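Q: Handing over run_31.pdb, PDB, C-alpha atoms and all ligand atoms.
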ATOM      1  CA  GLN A   1       1.156   1.088  15.809  1.00  0.00           C
ATOM      2  CA  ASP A   2      -1.158  -1.332  17.628  1.00  0.00           C
ATOM      3  CA  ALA A   3      -3.066  -3.043  14.817  1.00  0.00           C
ATOM      4  CA  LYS A   4      -5.630  -4.553  17.202  1.00  0.00           C
ATOM      5  CA  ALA A   5      -6.513  -1.114  18.527  1.00  0.00           C
ATOM      6  CA  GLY A   6      -6.592  -0.038  14.897  1.00  0.00           C
ATOM      7  CA  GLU A   7      -9.602  -2.351  14.328  1.00  0.00           C
ATOM      8  CA  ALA A   8     -11.894   0.047  16.120  1.00  0.00           C
ATOM      9  CA  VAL A   9     -10.608   2.992  14.073  1.00  0.00           C
ATOM     10  CA  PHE A  10     -10.964   0.939  10.851  1.00  0.00           C
ATOM     11  CA  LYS A  11     -14.727   0.632  11.385  1.00  0.00           C
ATOM     12  CA  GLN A  12     -14.964   4.325  10.373  1.00  0.00           C
ATOM     13  CA  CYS A  13     -13.022   3.578   7.203  1.00  0.00           C
ATOM     14  CA  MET A  14     -15.443   0.726   6.436  1.00  0.00           C
ATOM     15  CA  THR A  15     -18.113   3.355   5.746  1.00  0.00           C
ATOM     16  CA  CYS A  16     -16.437   3.927   2.407  1.00  0.00           C
ATOM     17  CA  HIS A  17     -13.772   1.283   1.948  1.00  0.00           C
ATOM     18  CA  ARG A  18     -13.723  -2.477   1.599  1.00  0.00           C
ATOM     19  CA  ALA A  19     -10.625  -4.691   1.538  1.00  0.00           C
ATOM     20  CA  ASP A  20     -11.191  -6.257  -1.824  1.00  0.00           C
ATOM     21  CA  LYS A  21     -13.754  -4.291  -3.814  1.00  0.00           C
ATOM     22  CA  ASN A  22     -14.200  -0.649  -4.630  1.00  0.00           C
ATOM     23  CA  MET A  23     -17.030   1.282  -2.956  1.00  0.00           C
ATOM     24  CA  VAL A  24     -17.236   5.013  -2.138  1.00  0.00           C
ATOM     25  CA  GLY A  25     -13.422   4.829  -1.873  1.00  0.00           C
ATOM     26  CA  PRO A  26     -10.969   2.381  -3.428  1.00  0.00           C
ATOM     27  CA  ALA A  27     -10.305  -1.144  -2.215  1.00  0.00           C
ATOM     28  CA  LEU A  28      -7.653  -1.015   0.485  1.00  0.00           C
ATOM     29  CA  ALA A  29      -6.186  -4.535   0.552  1.00  0.00           C
ATOM     30  CA  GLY A  30      -2.515  -4.147  -0.348  1.00  0.00           C
ATOM     31  CA  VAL A  31      -2.654  -0.348  -0.048  1.00  0.00           C
ATOM     32  CA  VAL A  32       0.613  -0.388   1.941  1.00  0.00           C
ATOM     33  CA  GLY A  33       3.128  -0.524  -0.898  1.00  0.00           C
ATOM     34  CA  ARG A  34       0.686   0.629  -3.595  1.00  0.00           C
ATOM     35  CA  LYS A  35       1.297   3.592  -5.918  1.00  0.00           C
ATOM     36  CA  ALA A  36      -1.353   6.150  -5.096  1.00  0.00           C
ATOM     37  CA  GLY A  37      -4.353   6.351  -7.401  1.00  0.00           C
ATOM     38  CA  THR A  38      -4.033   2.844  -8.851  1.00  0.00           C
ATOM     39  CA  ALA A  39      -6.671   0.535  -7.342  1.00  0.00           C
ATOM     40  CA  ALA A  40      -8.073  -1.283 -10.356  1.00  0.00           C
ATOM     41  CA  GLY A  41     -11.392   0.137 -11.533  1.00  0.00           C
ATOM     42  CA  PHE A  42     -11.499   3.147  -9.211  1.00  0.00           C
ATOM     43  CA  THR A  43     -11.809   6.674 -10.563  1.00  0.00           C
ATOM     44  CA  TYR A  44      -9.663   8.968  -8.455  1.00  0.00           C
ATOM     45  CA  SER A  45      -9.533  12.717  -8.113  1.00  0.00           C
ATOM     46  CA  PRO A  46      -6.845  14.497 -10.131  1.00  0.00           C
ATOM     47  CA  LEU A  47      -5.099  15.367  -6.834  1.00  0.00           C
ATOM     48  CA  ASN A  48      -4.720  11.707  -5.799  1.00  0.00           C
ATOM     49  CA  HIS A  49      -4.032  10.540  -9.374  1.00  0.00           C
ATOM     50  CA  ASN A  50      -1.322  13.171  -9.931  1.00  0.00           C
ATOM     51  CA  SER A  51       0.328  12.345  -6.579  1.00  0.00           C
ATOM     52  CA  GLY A  52       0.748   8.685  -7.576  1.00  0.00           C
ATOM     53  CA  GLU A  53       1.942   9.713 -11.040  1.00  0.00           C
ATOM     54  CA  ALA A  54       4.629  11.868  -9.401  1.00  0.00           C
ATOM     55  CA  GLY A  55       5.764   8.715  -7.567  1.00  0.00           C
ATOM     56  CA  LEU A  56       3.801   8.565  -4.303  1.00  0.00           C
ATOM     57  CA  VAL A  57       3.709   5.025  -2.937  1.00  0.00           C
ATOM     58  CA  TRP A  58       1.680   4.590   0.260  1.00  0.00           C
ATOM     59  CA  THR A  59       3.796   3.308   3.122  1.00  0.00           C
ATOM     60  CA  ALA A  60       3.299   2.514   6.801  1.00  0.00           C
ATOM     61  CA  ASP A  61       4.970   5.858   7.552  1.00  0.00           C
ATOM     62  CA  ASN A  62       3.299   8.302   5.137  1.00  0.00           C
ATOM     63  CA  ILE A  63      -0.331   7.153   5.502  1.00  0.00           C
ATOM     64  CA  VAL A  64      -0.140   8.487   9.092  1.00  0.00           C
ATOM     65  CA  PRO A  65       0.240  12.196   8.222  1.00  0.00           C
ATOM     66  CA  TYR A  66      -2.067  11.690   5.234  1.00  0.00           C
ATOM     67  CA  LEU A  67      -5.025  10.716   7.432  1.00  0.00           C
ATOM     68  CA  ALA A  68      -4.699  13.891   9.512  1.00  0.00           C
ATOM     69  CA  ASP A  69      -5.485  15.973   6.423  1.00  0.00           C
ATOM     70  CA  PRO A  70      -5.567  14.263   3.026  1.00  0.00           C
ATOM     71  CA  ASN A  71      -5.686  17.509   1.071  1.00  0.00           C
ATOM     72  CA  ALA A  72      -2.785  19.117   2.922  1.00  0.00           C
ATOM     73  CA  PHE A  73      -0.650  15.990   2.579  1.00  0.00           C
ATOM     74  CA  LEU A  74      -1.173  15.474  -1.166  1.00  0.00           C
ATOM     75  CA  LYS A  75      -0.821  19.193  -1.899  1.00  0.00           C
ATOM     76  CA  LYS A  76       2.453  19.364   0.057  1.00  0.00           C
ATOM     77  CA  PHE A  77       3.773  16.221  -1.650  1.00  0.00           C
ATOM     78  CA  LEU A  78       3.164  17.561  -5.148  1.00  0.00           C
ATOM     79  CA  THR A  79       4.423  21.018  -4.179  1.00  0.00           C
ATOM     80  CA  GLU A  80       7.695  19.465  -2.993  1.00  0.00           C
ATOM     81  CA  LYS A  81       8.050  17.754  -6.376  1.00  0.00           C
ATOM     82  CA  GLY A  82       7.829  21.116  -8.192  1.00  0.00           C
ATOM     83  CA  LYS A  83       4.301  20.159  -9.252  1.00  0.00           C
ATOM     84  CA  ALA A  84       2.148  22.553  -7.210  1.00  0.00           C
ATOM     85  CA  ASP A  85      -0.034  23.260 -10.243  1.00  0.00           C
ATOM     86  CA  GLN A  86      -1.127  19.600 -10.252  1.00  0.00           C
ATOM     87  CA  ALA A  87      -2.383  20.023  -6.676  1.00  0.00           C
ATOM     88  CA  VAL A  88      -4.978  22.750  -7.141  1.00  0.00           C
ATOM     89  CA  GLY A  89      -7.915  20.355  -6.708  1.00  0.00           C
ATOM     90  CA  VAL A  90      -9.146  18.463  -3.672  1.00  0.00           C
ATOM     91  CA  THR A  91      -9.441  14.792  -2.837  1.00  0.00           C
ATOM     92  CA  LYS A  92     -12.703  12.857  -2.959  1.00  0.00           C
ATOM     93  CA  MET A  93     -11.968  11.544   0.568  1.00  0.00           C
ATOM     94  CA  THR A  94     -13.708  14.092   2.839  1.00  0.00           C
ATOM     95  CA  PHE A  95     -12.745  12.274   6.047  1.00  0.00           C
ATOM     96  CA  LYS A  96      -9.951  13.199   8.450  1.00  0.00           C
ATOM     97  CA  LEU A  97      -8.667  11.537  11.641  1.00  0.00           C
ATOM     98  CA  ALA A  98      -7.157  14.079  14.006  1.00  0.00           C
ATOM     99  CA  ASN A  99      -5.796  11.772  16.703  1.00  0.00           C
ATOM    100  CA  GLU A 100      -2.235  10.677  16.017  1.00  0.00           C
ATOM    101  CA  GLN A 101      -2.390   7.443  17.999  1.00  0.00           C
ATOM    102  CA  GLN A 102      -5.559   6.430  16.141  1.00  0.00           C
ATOM    103  CA  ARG A 103      -3.848   7.120  12.834  1.00  0.00           C
ATOM    104  CA  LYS A 104      -0.776   5.082  13.814  1.00  0.00           C
ATOM    105  CA  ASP A 105      -2.959   2.213  14.987  1.00  0.00           C
ATOM    106  CA  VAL A 106      -5.219   2.129  11.914  1.00  0.00           C
ATOM    107  CA  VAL A 107      -2.151   2.245   9.652  1.00  0.00           C
ATOM    108  CA  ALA A 108      -0.741  -0.761  11.562  1.00  0.00           C
ATOM    109  CA  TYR A 109      -4.085  -2.425  10.783  1.00  0.00           C
ATOM    110  CA  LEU A 110      -3.734  -1.486   7.092  1.00  0.00           C
ATOM    111  CA  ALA A 111      -0.291  -3.095   6.960  1.00  0.00           C
ATOM    112  CA  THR A 112      -1.962  -6.434   7.804  1.00  0.00           C
ATOM    113  CA  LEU A 113      -4.537  -6.014   4.995  1.00  0.00           C
ATOM    114  CA  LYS A 114      -2.557  -7.990   2.395  1.00  0.00           C
TER     115      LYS A 114
HETATM  116  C1  LIG A 201     -15.786   8.142   2.873  1.00  0.00           C
HETATM  117  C2  LIG A 201     -16.387   9.291   3.658  1.00  0.00           C
HETATM  118  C3  LIG A 201     -14.356   7.794   3.323  1.00  0.00           C
HETATM  119  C4  LIG A 201     -13.918   7.450   4.536  1.00  0.00           C
HETATM  120  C5  LIG A 201     -14.683   7.384   5.897  1.00  0.00           C
HETATM  121  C6  LIG A 201     -12.520   7.113   4.441  1.00  0.00           C
HETATM  122  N1  LIG A 201     -12.131   7.251   3.116  1.00  0.00           N
HETATM  123 FE1  LIG A 201     -10.314   6.823   2.395  1.00  0.00          FE
HETATM  124  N2  LIG A 201     -10.911   7.428   0.578  1.00  0.00           N
HETATM  125  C7  LIG A 201     -12.165   7.811   0.206  1.00  0.00           C
HETATM  126  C8  LIG A 201     -12.172   8.177  -1.199  1.00  0.00           C
HETATM  127  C9  LIG A 201     -13.458   8.647  -1.924  1.00  0.00           C
HETATM  128  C10 LIG A 201     -10.931   8.005  -1.650  1.00  0.00           C
HETATM  129  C11 LIG A 201     -10.362   8.314  -3.066  1.00  0.00           C
HETATM  130  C12 LIG A 201      -9.649   9.705  -2.999  1.00  0.00           C
HETATM  131  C13 LIG A 201      -9.515  10.467  -4.289  1.00  0.00           C
HETATM  132  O1  LIG A 201      -9.222  11.705  -4.187  1.00  0.00           O
HETATM  133  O2  LIG A 201      -9.685   9.834  -5.328  1.00  0.00           O
HETATM  134  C14 LIG A 201     -10.103   7.548  -0.546  1.00  0.00           C
HETATM  135  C15 LIG A 201      -8.758   7.264  -0.613  1.00  0.00           C
HETATM  136  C16 LIG A 201      -8.001   6.735   0.399  1.00  0.00           C
HETATM  137  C17 LIG A 201      -6.610   6.397   0.342  1.00  0.00           C
HETATM  138  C18 LIG A 201      -5.741   6.544  -0.938  1.00  0.00           C
HETATM  139  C19 LIG A 201      -5.762   5.167  -1.644  1.00  0.00           C
HETATM  140  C20 LIG A 201      -5.161   5.072  -3.018  1.00  0.00           C
HETATM  141  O3  LIG A 201      -5.390   4.013  -3.664  1.00  0.00           O
HETATM  142  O4  LIG A 201      -4.459   6.028  -3.408  1.00  0.00           O
HETATM  143  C21 LIG A 201      -6.250   5.884   1.526  1.00  0.00           C
HETATM  144  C22 LIG A 201      -4.858   5.391   1.977  1.00  0.00           C
HETATM  145  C23 LIG A 201      -7.407   5.919   2.384  1.00  0.00           C
HETATM  146  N3  LIG A 201      -8.477   6.438   1.672  1.00  0.00           N
HETATM  147  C24 LIG A 201      -7.425   5.460   3.688  1.00  0.00           C
HETATM  148  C25 LIG A 201      -8.513   5.593   4.524  1.00  0.00           C
HETATM  149  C26 LIG A 201      -8.553   5.135   5.900  1.00  0.00           C
HETATM  150  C27 LIG A 201      -7.408   4.348   6.572  1.00  0.00           C
HETATM  151  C28 LIG A 201      -9.736   5.491   6.415  1.00  0.00           C
HETATM  152  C29 LIG A 201     -10.254   5.280   7.844  1.00  0.00           C
HETATM  153  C30 LIG A 201      -9.243   5.925   8.810  1.00  0.00           C
HETATM  154  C31 LIG A 201     -10.447   6.201   5.376  1.00  0.00           C
HETATM  155  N4  LIG A 201      -9.701   6.229   4.213  1.00  0.00           N
HETATM  156  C32 LIG A 201     -11.727   6.722   5.487  1.00  0.00           C
HETATM  157  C33 LIG A 201     -13.265   7.869   1.050  1.00  0.00           C
HETATM  158  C34 LIG A 201     -13.240   7.646   2.406  1.00  0.00           C
END
Kindly present the structure from the file in structure tokens form.
Ligand code: HEC

A:
Amino acid sequence: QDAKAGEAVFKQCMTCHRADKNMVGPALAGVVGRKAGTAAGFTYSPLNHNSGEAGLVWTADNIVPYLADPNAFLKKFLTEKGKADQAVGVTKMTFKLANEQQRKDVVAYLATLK
């Protein structure tokens, strides 16, 4: 949860994400507190879209497990909602971050991206 240390991890995310405009992935400013699949103008996968529709709001706590394995997280979320059929597809985000400390730190960074 060291946002400064998260800066170095965030450089990887900058391959596809910008704070304020969409790119390969959606704009991330204000992602902490945002309903999944709702960045204006971005076309999400059904998996991410359906997760937000089922109520997923990204928080400082749940983005951490998400980054370890985006597909597993979103599939598990929808399955827990009794919506496993809406989780058959995969996310467009083909990146994963195995290290837990790196995930905690980059999510602390995200929380400062207002
Ligand atoms: C390109 C190879 C990517 C990299 C590197 C990272 N992300 Fe990404 N991300 C990408 C796409 C194409 C998408 C849309 C997913 C879909 O299925 O539509 C995403 C999405 C996210 C989200 C969800 C945002 C939302 O509005 O619901 C988050 C929280 C996210 N990405 C975070 C994130 C971070 C912190 C990264 C560096 C650790 C990162 N992504 C890398 C593409 C790519």

Q: To test your reading of the syntax: which residues would the PyMOL selection byres (((not hetatm)) within 9 of (chain A and resi 201)) return for the file shown? Reply as a PyMOL selection string.

A: chain A and resi 6+9-17+23-28+31-32+34-40+42-49+51-52+56-59+63-64+66-67+70-71+90-97+102-103+106-107+109-110

Q: Need the shell around residue 75 (chain A): protein/DNA/RNA residues with any atom at most 8 Å away, counting all atoms listed in the file. Skip same-chain ones fewer than 6 positions apart. Format as a PyMOL selection string?

A: chain A and resi 47+84+87-88

Q: Would you save the residues of that selection, restricted to C-alpha atoms, as an mmCIF file, in the frame of the given file?

A:
data_model
loop_
_atom_site.group_PDB
_atom_site.id
_atom_site.type_symbol
_atom_site.label_atom_id
_atom_site.label_comp_id
_atom_site.auth_asym_id
_atom_site.auth_seq_id
_atom_site.Cartn_x
_atom_site.Cartn_y
_atom_site.Cartn_z
ATOM 1 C CA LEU A 47 -5.099 15.367 -6.834
ATOM 2 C CA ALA A 84 2.148 22.553 -7.210
ATOM 3 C CA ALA A 87 -2.383 20.023 -6.676
ATOM 4 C CA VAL A 88 -4.978 22.750 -7.141
#

Q: Looking at A:111, A:29, A:5, A:54, which one is nearest to residue 74 (chain A), with distances taken over all atoms listed in the file?

A: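 Selected residue with least distance to residue 74 (chain A): A:54.
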
Q: Smallest atom-to-atom distance to residue 60 (chain A): which of A:41, A:30, A:82, A:89, using all atoms listed in the file?

A: A:30

Q: Select, from A:50, A:22, A:86, A:62, the residue with the minimum atom-to-atom distance to residue 108 (chain A), counting all atoms listed in the file.

A: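 Distance minimum relative to residue 108 (chain A) lands on A:62.
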
Q: Enter the distance from CA of residue 4 (chain A) to CA of residue 19 (chain A), in Å, rounded to one decimal.

A: 16.4 Å

Q: What is the CA of residue 101 (chain A)-CA of residue 1 (chain A) distance in Å, reported with one decimal?

A: 7.6 Å

Q: When distances are computed from all atoms listed in the file, which of A:77, A:20, A:85, A:113 shows the smallest separation from residue 65 (chain A)?

A: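 For residue 65 (chain A), the nearest of the given residues is A:77.
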
Q: Select, from A:100, A:83, A:2, A:21, the residue with the minimum atom-to-atom distance to residue 69 (chain A), counting all atoms listed in the file.

A: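 Ranking A:100, A:83, A:2, A:21 by distance to residue 69 (chain A), first place goes to A:100.
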
Q: In Å, how far is it from CA of residue 68 (chain A) to CA of residue 7 (chain A)?

A: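 Separation of CA of residue 68 (chain A) and CA of residue 7 (chain A): 17.6 Å.
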
Q: Find the smallest box with edges along x, y and z containing every listed atom of region 27-32 of chain A, then add 6 Å on each side and report centre and edge lengths in Å to one decimal, as AutoDock Vina command-line options.

A:
--center_x -4.8 --center_y -2.4 --center_z -0.1 --size_x 22.9 --size_y 16.2 --size_z 16.2

Q: Take region 63-87 of chain A, model N, CA, C and O atoms, and hand the result over as a PDB file, in the coordinates of the input.

A:
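In the end it all went to result21.pdb:
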ATOM      1  N   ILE A  63       1.143   7.096   5.417  1.00  0.00           N
ATOM      2  CA  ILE A  63      -0.331   7.153   5.502  1.00  0.00           C
ATOM      3  C   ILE A  63      -0.720   7.861   6.797  1.00  0.00           C
ATOM      4  O   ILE A  63      -1.773   8.493   6.837  1.00  0.00           O
ATOM      5  N   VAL A  64       0.128   7.811   7.812  1.00  0.00           N
ATOM      6  CA  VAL A  64      -0.140   8.487   9.092  1.00  0.00           C
ATOM      7  C   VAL A  64      -0.385   9.965   8.983  1.00  0.00           C
ATOM      8  O   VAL A  64      -1.484  10.435   9.341  1.00  0.00           O
ATOM      9  N   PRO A  65       0.483  10.771   8.391  1.00  0.00           N
ATOM     10  CA  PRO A  65       0.240  12.196   8.222  1.00  0.00           C
ATOM     11  C   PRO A  65      -0.877  12.449   7.221  1.00  0.00           C
ATOM     12  O   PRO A  65      -1.674  13.383   7.354  1.00  0.00           O
ATOM     13  N   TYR A  66      -0.985  11.603   6.207  1.00  0.00           N
ATOM     14  CA  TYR A  66      -2.067  11.690   5.234  1.00  0.00           C
ATOM     15  C   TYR A  66      -3.428  11.728   5.910  1.00  0.00           C
ATOM     16  O   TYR A  66      -4.304  12.542   5.586  1.00  0.00           O
ATOM     17  N   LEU A  67      -3.694  10.753   6.792  1.00  0.00           N
ATOM     18  CA  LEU A  67      -5.025  10.716   7.432  1.00  0.00           C
ATOM     19  C   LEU A  67      -5.351  11.929   8.282  1.00  0.00           C
ATOM     20  O   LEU A  67      -6.554  12.184   8.492  1.00  0.00           O
ATOM     21  N   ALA A  68      -4.361  12.675   8.767  1.00  0.00           N
ATOM     22  CA  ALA A  68      -4.699  13.891   9.512  1.00  0.00           C
ATOM     23  C   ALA A  68      -5.349  14.934   8.608  1.00  0.00           C
ATOM     24  O   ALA A  68      -6.194  15.714   9.055  1.00  0.00           O
ATOM     25  N   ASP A  69      -4.933  14.966   7.342  1.00  0.00           N
ATOM     26  CA  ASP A  69      -5.485  15.973   6.423  1.00  0.00           C
ATOM     27  C   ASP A  69      -5.083  15.609   5.011  1.00  0.00           C
ATOM     28  O   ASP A  69      -3.995  15.963   4.566  1.00  0.00           O
ATOM     29  N   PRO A  70      -5.863  14.762   4.369  1.00  0.00           N
ATOM     30  CA  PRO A  70      -5.567  14.263   3.026  1.00  0.00           C
ATOM     31  C   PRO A  70      -5.239  15.372   2.041  1.00  0.00           C
ATOM     32  O   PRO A  70      -4.247  15.239   1.318  1.00  0.00           O
ATOM     33  N   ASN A  71      -6.036  16.444   2.023  1.00  0.00           N
ATOM     34  CA  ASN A  71      -5.686  17.509   1.071  1.00  0.00           C
ATOM     35  C   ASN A  71      -4.329  18.126   1.337  1.00  0.00           C
ATOM     36  O   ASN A  71      -3.523  18.278   0.401  1.00  0.00           O
ATOM     37  N   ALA A  72      -4.051  18.472   2.599  1.00  0.00           N
ATOM     38  CA  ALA A  72      -2.785  19.117   2.922  1.00  0.00           C
ATOM     39  C   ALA A  72      -1.603  18.207   2.575  1.00  0.00           C
ATOM     40  O   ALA A  72      -0.587  18.691   2.090  1.00  0.00           O
ATOM     41  N   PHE A  73      -1.751  16.929   2.880  1.00  0.00           N
ATOM     42  CA  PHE A  73      -0.650  15.990   2.579  1.00  0.00           C
ATOM     43  C   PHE A  73      -0.336  15.904   1.097  1.00  0.00           C
ATOM     44  O   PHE A  73       0.832  16.016   0.664  1.00  0.00           O
ATOM     45  N   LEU A  74      -1.354  15.634   0.282  1.00  0.00           N
ATOM     46  CA  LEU A  74      -1.173  15.474  -1.166  1.00  0.00           C
ATOM     47  C   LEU A  74      -0.721  16.778  -1.806  1.00  0.00           C
ATOM     48  O   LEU A  74       0.193  16.772  -2.637  1.00  0.00           O
ATOM     49  N   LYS A  75      -1.254  17.909  -1.329  1.00  0.00           N
ATOM     50  CA  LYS A  75      -0.821  19.193  -1.899  1.00  0.00           C
ATOM     51  C   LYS A  75       0.655  19.443  -1.602  1.00  0.00           C
ATOM     52  O   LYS A  75       1.413  19.965  -2.424  1.00  0.00           O
ATOM     53  N   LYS A  76       1.083  19.168  -0.368  1.00  0.00           N
ATOM     54  CA  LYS A  76       2.453  19.364   0.057  1.00  0.00           C
ATOM     55  C   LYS A  76       3.382  18.425  -0.710  1.00  0.00           C
ATOM     56  O   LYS A  76       4.418  18.887  -1.170  1.00  0.00           O
ATOM     57  N   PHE A  77       2.974  17.163  -0.873  1.00  0.00           N
ATOM     58  CA  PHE A  77       3.773  16.221  -1.650  1.00  0.00           C
ATOM     59  C   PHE A  77       4.042  16.733  -3.062  1.00  0.00           C
ATOM     60  O   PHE A  77       5.205  16.772  -3.490  1.00  0.00           O
ATOM     61  N   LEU A  78       2.983  17.135  -3.755  1.00  0.00           N
ATOM     62  CA  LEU A  78       3.164  17.561  -5.148  1.00  0.00           C
ATOM     63  C   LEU A  78       3.930  18.877  -5.195  1.00  0.00           C
ATOM     64  O   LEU A  78       4.742  19.063  -6.110  1.00  0.00           O
ATOM     65  N   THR A  79       3.688  19.740  -4.208  1.00  0.00           N
ATOM     66  CA  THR A  79       4.423  21.018  -4.179  1.00  0.00           C
ATOM     67  C   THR A  79       5.916  20.762  -4.019  1.00  0.00           C
ATOM     68  O   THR A  79       6.719  21.407  -4.681  1.00  0.00           O
ATOM     69  N   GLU A  80       6.283  19.791  -3.178  1.00  0.00           N
ATOM     70  CA  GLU A  80       7.695  19.465  -2.993  1.00  0.00           C
ATOM     71  C   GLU A  80       8.341  18.904  -4.243  1.00  0.00           C
ATOM     72  O   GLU A  80       9.569  18.958  -4.378  1.00  0.00           O
ATOM     73  N   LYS A  81       7.547  18.305  -5.127  1.00  0.00           N
ATOM     74  CA  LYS A  81       8.050  17.754  -6.376  1.00  0.00           C
ATOM     75  C   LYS A  81       8.188  18.810  -7.469  1.00  0.00           C
ATOM     76  O   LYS A  81       8.534  18.478  -8.607  1.00  0.00           O
ATOM     77  N   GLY A  82       7.831  20.060  -7.188  1.00  0.00           N
ATOM     78  CA  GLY A  82       7.829  21.116  -8.192  1.00  0.00           C
ATOM     79  C   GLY A  82       6.627  20.925  -9.114  1.00  0.00           C
ATOM     80  O   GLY A  82       6.614  21.366 -10.256  1.00  0.00           O
ATOM     81  N   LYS A  83       5.535  20.418  -8.522  1.00  0.00           N
ATOM     82  CA  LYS A  83       4.301  20.159  -9.252  1.00  0.00           C
ATOM     83  C   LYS A  83       3.086  20.724  -8.542  1.00  0.00           C
ATOM     84  O   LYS A  83       1.995  20.138  -8.517  1.00  0.00           O
ATOM     85  N   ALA A  84       3.243  21.915  -7.968  1.00  0.00           N
ATOM     86  CA  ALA A  84       2.148  22.553  -7.210  1.00  0.00           C
ATOM     87  C   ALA A  84       0.931  22.772  -8.066  1.00  0.00           C
ATOM     88  O   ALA A  84      -0.197  22.654  -7.534  1.00  0.00           O
ATOM     89  N   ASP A  85       1.109  23.037  -9.365  1.00  0.00           N
ATOM     90  CA  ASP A  85      -0.034  23.260 -10.243  1.00  0.00           C
ATOM     91  C   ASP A  85      -0.915  22.023 -10.372  1.00  0.00           C
ATOM     92  O   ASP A  85      -2.095  22.101 -10.684  1.00  0.00           O
ATOM     93  N   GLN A  86      -0.357  20.826 -10.162  1.00  0.00           N
ATOM     94  CA  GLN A  86      -1.127  19.600 -10.252  1.00  0.00           C
ATOM     95  C   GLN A  86      -1.893  19.337  -8.958  1.00  0.00           C
ATOM     96  O   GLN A  86      -2.601  18.319  -8.891  1.00  0.00           O
ATOM     97  N   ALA A  87      -1.746  20.181  -7.971  1.00  0.00           N
ATOM     98  CA  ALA A  87      -2.383  20.023  -6.676  1.00  0.00           C
ATOM     99  C   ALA A  87      -3.494  21.024  -6.407  1.00  0.00           C
ATOM    100  O   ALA A  87      -3.836  21.231  -5.235  1.00  0.00           O
TER     101      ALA A  87
END
